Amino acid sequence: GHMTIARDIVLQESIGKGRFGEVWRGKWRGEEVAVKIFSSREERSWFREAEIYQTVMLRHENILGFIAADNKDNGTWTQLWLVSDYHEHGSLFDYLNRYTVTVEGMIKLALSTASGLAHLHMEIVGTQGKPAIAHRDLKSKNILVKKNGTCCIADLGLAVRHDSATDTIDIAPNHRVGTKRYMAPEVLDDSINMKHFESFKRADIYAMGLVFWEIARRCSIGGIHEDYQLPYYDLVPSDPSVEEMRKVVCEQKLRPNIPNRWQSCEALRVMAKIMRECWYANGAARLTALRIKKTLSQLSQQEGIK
């Protein structure tokens, strides 16, 4: 026995509630792991997540490290488990609510998010290839922060995978999946062409722009920073409906406000420009995750980030 298995894991602490199923911190062979538990009737959701996390060549420093899918029978019922790396800081949402970040800190968070999304989006054709994957629910609550101050993308359960050879998506995609607040304009107004996989990648980029705005607000320079807020906190109620979002994003054409103080700092001017170029209503005009990664890599190099 060398591989990680559920019978050898001891749950220690409740740490979150997933889309479906509960999240715990557990100990496996002296190490801390995260465990997400589903009931037997949630087998479809558990299986789909296990399937995405088992995708060939998925592993990357900025994608949640998956360990195993398993079952655990306690003698009364069977639990369906997913086991992954554990990150003490939790989500980027938790981290930004708790702390302010330095310019260096902000670039680290943004660059790592873009690098993880670029890998998710990347198709590798051939032998041990990799299908392009679109997230469909990117947001700050779905990104974790590591001890080294970098991010890893998580909550891949709603992802869609593309097969290049047949130009097909692995599932029959349902309309308007995802957190309403982060839905792209084309998803909100249902103009999205769900037969073109590039449509999904473009919608992820819009959501990434919103996450970058959340990070930038928390960047503290000379003690100057904004308070933590979710995108559109100023325009929509908590738990907004598709109709509430559509009226703001599609009809009124509003985006999160880019404050004047972001023009005084080079790192913030770069971040603000990226946000604007993620927020275009026309998905085809948006930057790619790879282009953003390149821009932010050049910036981190200029700042001398360790």
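Numbers follow the displayed sequence, beginning with 1.
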Note to self: On mean Cα temperature factor in this entry, is 139 to 147 or 191 to 199 the higher one?
What the structure shows: 191 to 199
Margin query: Comparing average C-alpha B factors as deposited, tell me which of 262 to 270 and 239 to 247 sits higher.
Written below: 262 to 270
Notebook entry, point to check: When you compare the CA B-factors of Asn282, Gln298, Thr288, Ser14 as listed in the entry, which one comes out on top?
Noted result: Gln298
Next item on the list: Please work out which residue in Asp204, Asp85, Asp163, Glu186 has the highest C-alpha B-factor recorded for this crystal structure.
Entry: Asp163
Margin query: Split into thirds by Cα B-factor across the chain's modelled residues, where does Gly75 land: lowest, middle or highest?
Written below: lowest
Next item on the list: For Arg44, return the chain-relative third of its C-alpha B-factor as stated in the PDB record: lowest, middle or highest.
Entry: middle
Checklist line | Third assignment of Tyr232 from its chain's C-alpha B-factors | finding: lowest
Notebook entry, point to check: Lowest, middle or highest third of the chain for the C-alpha temperature factor of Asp167?
Noted result: highest
Checklist line | Ranked against its chain, the third holding the CA B-factor of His60 | finding: lowest
